[PDB]
Amino acid sequence: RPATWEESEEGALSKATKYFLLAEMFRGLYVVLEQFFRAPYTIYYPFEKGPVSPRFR
Amino acid sequence: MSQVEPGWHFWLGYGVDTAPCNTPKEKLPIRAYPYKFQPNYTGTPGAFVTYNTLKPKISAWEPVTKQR
Ligand SMILES: CCCCCCCCCCCCCCCCCC(=O)OC[C@H](COP(=O)(O)OCCN)OC(=O)CCCCCCCCCCCCCCCCC
């Protein structure tokens, strides 16, 4: 059975803190920002070339 | 990209480890004709003009009169 509000482990103030301060949204923004400091994948065609195999048609 | 000669084109795409100048003699093609490299001439007076390599399947009579 789904649990009701009165059987919740977290107090209402902690939940309100998560609600008003957008905790998981901030985690998502941080994950996006981490990518900004990683190496990009781009190659500079036609000066560089993607992989080609002997079977290519 | 069409100015890259064949062989080098394969090497640049990580097709082969060893570059064409480093490839031993046994793994080169023998040619009985002169090798010429030509890039894409599209949009240029040198663009390929296609045509039928056959003459027509039915040949007409060459008309000749005879005297009665
Ligand atoms: C603990 C005591 C607190 C006392 C009072 C609080 C004081 C004010 C606190 C300041 C922040 C308040 C403003 C944010 C409140 C957002 C509340 C919220 O979650 O809105 C939810 C709303 C849907 O409404 P609801 O029905 O209530 O949600 C139930 C869903 N099953 O749906 C929504 O609108 C989603 C939330 C909107 C988020 C907007 C995102 C736009 C850009 C995000 C900004 C992030 C920061 C950007 C800056 C870059 C970071 C450096």
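Just so it is clear, the values below take in all heavy atoms, side chains as well, and ignore hydrogens, waters and symmetry mates. Sequence lines set the chain letters: A, B, ... in the order given, protein chains first and strands last, and positions in each chain run from 1.
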- Message: Are there over 12 heavy-atom neighbours, none belonging to B:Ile30, within less than 6.0 Å of that residue's CD1?
- Response: no

- Query: Would B:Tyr41 and B:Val4 show up in the same hydrophobic cluster when neighbours are defined by side-chain heavy atoms closer than 4.5 Å?
  - Reply: no

- Please indicate whether A:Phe36 has more than 12 foreign heavy atoms, meaning atoms of other residues, nucleotides or ligands, lying under 6.0 Å from its CZ. no

- Query: CZ of A:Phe56: more than 12 outside heavy atoms within 6.0 angstrom?
  - Reply: no

- Residues that, via side-chain heavy atoms closer than 4.5 angstrom, fall in one hydrophobic cluster with A:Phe26: A:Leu22, A:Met25, A:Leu29

Could you pull out every donor-acceptor pair under 3.5 Å between chain B and chain A?
| from | atom 1 | to | atom 2 | distance (Å) |
| --- | --- | --- | --- | --- |
| B:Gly13 | O | A:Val52 | N | 2.9 |

